Amino acid sequence: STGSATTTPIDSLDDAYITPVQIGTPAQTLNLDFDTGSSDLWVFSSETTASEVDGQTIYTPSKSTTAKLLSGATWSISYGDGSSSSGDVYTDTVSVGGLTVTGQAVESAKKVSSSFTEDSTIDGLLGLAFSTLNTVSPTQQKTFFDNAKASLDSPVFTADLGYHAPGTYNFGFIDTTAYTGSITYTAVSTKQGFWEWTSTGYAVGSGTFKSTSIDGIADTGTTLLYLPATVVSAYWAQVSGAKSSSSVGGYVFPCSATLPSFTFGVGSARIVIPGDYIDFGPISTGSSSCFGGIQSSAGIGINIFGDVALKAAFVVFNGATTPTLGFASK
Ligand SMILES: CC(C)(C)NC(=O)[C@@H]1C[C@@H]2CCCC[C@@H]2CN1C[C@@H](O)[C@H](Cc1ccccc1)NC(=O)[C@H](CC(N)=O)NC(=O)c1ccc2ccccc2n1
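Analysis parameters
- Note that residue numbers begin from 1 in each chain and follow the written sequence, not necessarily the entry's scheme, while residues that lack coordinates are absent from the view.
- Note that the side-chain values use all heavy atoms of the structure and ignore hydrogens as well as water.
- Residues with missing side-chain atoms are left out of burial classes, side-chain pairs and their counts.
- At least two bridges found by DSSP between two strands are what make those strands a pair.
- To qualify as a helix, a DSSP run of H or I must reach at least 4 residues; to qualify as a strand, a run of E must reach at least 2; elements of each kind are numbered from the N terminus.
- Here an axis means a line fitted to C-alpha atoms, over the contact stretch when the element is a helix, while the angle between two N-to-C directions is reported on a 0 to 180 degree scale.
- The cut-offs for exposure are 20% and 50% of the maximum accessible area for each residue type, with area from a 1.4 Å probe on protein chains only; residues under the lower value are buried, those over the upper are exposed, and the others partly exposed.
- In these notes, a set of buried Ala, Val, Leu, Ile, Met, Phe, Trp, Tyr and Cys residues joined through side-chain atoms within 4.5 Å is what counts as a nonpolar core.
- The domain boundaries here were taken from an automatic or database domain assignment.
- The criterion used for residue contact is that any of the two residues' heavy atoms lie within 4.5 Å.
- Any pair of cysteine sulfurs within 2.5 Å is marked as a disulfide.
- Summed over both partners, buried area is the accessible surface (1.4 Å probe) that two parts give up on being assembled.
- Salt bridge, as used here: a side-chain nitrogen of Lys or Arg that lies within 4 Å of a carboxyl oxygen of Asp or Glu.
- Pairs of N or O atoms within 3.5 Å make up the polar contacts considered here, provided that, within protein, one atom can donate a hydrogen while the other can accept it, and that residues adjacent in sequence are counted only when both atoms are side-chain atoms.
- UniProt positions are given in the numbering used here, feature names are shortened, and annotations may be inferred rather than shown by experiment.

Its PDB header attributes the entry to X-ray crystallography and lists the resolution as 1.220 Å.

Draft legend 1. Broad picture of the sheet that holds strand β20 (residues 289-292). Here four strands make up an open sheet; going across it, the order is β15-β16-β20-β19 and the pairing antiparallel. The open sheet has two free edges, formed respectively by β15 (243-245) and β19 (279-282), since each of these has just one partner strand. Going from strand to strand, the sheet's axes swing by 40° on average, the running direction of each strand aside. Looking at chain direction, strand β16 (residues 250-254) and β20 are connected through three bridges and run antiparallel. Bridging from a neighbouring strand, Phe253 pairs with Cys290 of β20.

Draft legend 2. Focus on the pairing of strand β23 (residues 314-318). Of all five residues in β23, five are buried, a share of seventy percent or more. The alternating pattern of β23 places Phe314, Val316 and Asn318 on one face and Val315 and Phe317 on the opposite face, and all of these are buried. In the sheet, strand β9 (residues 156-160) pairs with β23 via four bridges, with the strands oriented antiparallel. Bridge pairing in β23 places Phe157 opposite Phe317. Bridge analysis of β23 against strand β24 (residues 324-328) gives five bridges, and the strand direction is antiparallel. Considered in β24, the bridge of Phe317 is made with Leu325. Counting the residues that bridge the hairpin from β23 to β24 gives five residues.

Draft legend 3. View of the nonpolar core. Residues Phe171, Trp236, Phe262, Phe264, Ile273 and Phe327 are the most contacted members of the largest nonpolar core, which totals 71 residues. A domain-level breakdown of this core finds at least three residues from each of domain 1 (5-174) and domain 2 (175-330). If we skip the residues at most four places from it in the chain, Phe171 touches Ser1, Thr2, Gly3, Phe34, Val96, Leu99, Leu128, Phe144, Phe145, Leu152, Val156 and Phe157.

Draft legend 4. Expanded view of the state of the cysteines. Going through the model one piece at a time under the given rule, you end up with one disulfide. Covalent S-S linkage joins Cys255 and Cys290, the inter-sulfur distance amounting to 2.0 Å. Residues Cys255 and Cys290 are joined by a disulfide whose S-S torsion is about 110°; by sign, that bridge is right-handed. On the criterion of sequence distance, the pair formed by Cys255 in the loop between β16 and β17 (262-266) and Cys290 in strand β20 is long-range, its members being 35 residues apart. What makes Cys255 partly exposed here is its relative accessible area of 28%.

Draft legend 5. Main features of the domain arrangement of the protein. Domain boundaries in the protein define domain 1 (5-174) and domain 2 (175-330). Placing a centre on the C-alpha atoms of domain 1 and another on those of domain 2 gives a separation of 25 Å. On the side of domain 2, 33 residues touch domain 1, which itself brings 29 residues to the contact. Counting each side, the surface lost to burial between domain 1 and domain 2 is near 2400 Å², with a carbon and sulfur contribution of 58%. In this structure, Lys330 and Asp160 form a salt bridge, with 2.8 Å as the shortest nitrogen-oxygen distance. Taken together, the connections running from domain 1 to domain 2 amount to 16 residue pairs in polar contact.

Draft legend 6. Inspection of the UniProt feature "disulfide bond" in the protein at higher detail. Where 2.5 Å serves as the upper bound for a disulfide, the S to S distance of 2.0 Å between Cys255 and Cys290 confirms the link that UniProt reports. For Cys290, a relative accessible area of 3% gives the class buried.

Draft legend 7. Summary view of the side chain of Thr36. If you trace the backbone, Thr36 turns up in the loop between β3 (28-35) and β4 (41-43). A polar contact of 2.7 Å, which involves the side chain of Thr36, links it to the backbone oxygen of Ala218. Here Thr36 is in contact with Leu128, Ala129, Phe157, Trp195, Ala218, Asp219, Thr220, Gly221 and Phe317, once residues within four sequence places are set aside.

This is how it looks when you write it as structure tokens:
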């Protein structure tokens, strides 16, 4: 089997991407943020504290003839910015772009933090990291991909995120028309439960490539590109007026600037992020100071190849016995 679903930016800045997911019988379609950095499929629901729902579409398990309460199971998760959610668990039929998994754990939110409430466009998350990170207790549950894998034509999924445009998540096949040149595969460590890999270096604009190992994770659930302070300083030094602002919380730059590209290495291959991809717009409405799309990972404890990087590539998440990651230009 295969599946193919369009993923759409939630706003004009590509702050995140949402993908329609069918849950239950009859289908209830929710727009979920596919997150290769986490391993829980959770949704706003009829069980979510009423005051914490503000425009999201909810899953109502009582209206699904295939929903079954997973007895005694609960979940609770906290993300990189301290946002959080928790609740109970059902199993139900879940379909993505024509690919169907029966008995998928659907984690129904009883509580969500303010950041989730305040974002009406995201109805929940669909985790695509390794199932070892799933938070369901006392019996850990499998991700959608892990459940589907055996049925897939090939044990892979691909992320093809758009710049200011929709893109595609495919399951079970590689669309050879969706990229240019070849796909370069690179080793993955699953020790921390992430799609963790090592970039071979970087360049800023038309500058010389610096060969240096940068360990990081491919995280579609993170908007920006977080890299070591040395690398980030070298990038922003090429932008007149750019500065790291403690008050704003990172590098900002004059909105009048034309940004240089940023290149990262995948083995001997090179992925070029155009400068425009690195502009996240005014820091506050009407400001002429803009927020940068490349930020320091210092104090995070890990580098993050988030959407800013991933959207410049066609990315293969290879879930074979020994997982690997593939990157192609597009
Ligand atoms: C939960 C856990 C399993 C630990 N996985 C993680 O926390 C993973 C994996 C790594 C863990 C160690 C630290 C680095 C990454 C962070 N990621 C965070 C990853 O799972 C999570 C998914 C998510 C999506 C939507 C809304 C909330 C949360 N993204 C995040 O925590 C980051 C935080 C940030 N500001 O960088 N969220 C965003 O980049 C983000 C999401 C939505 C937005 C909407 C509008 C405007 C900006 C937006 N920014």
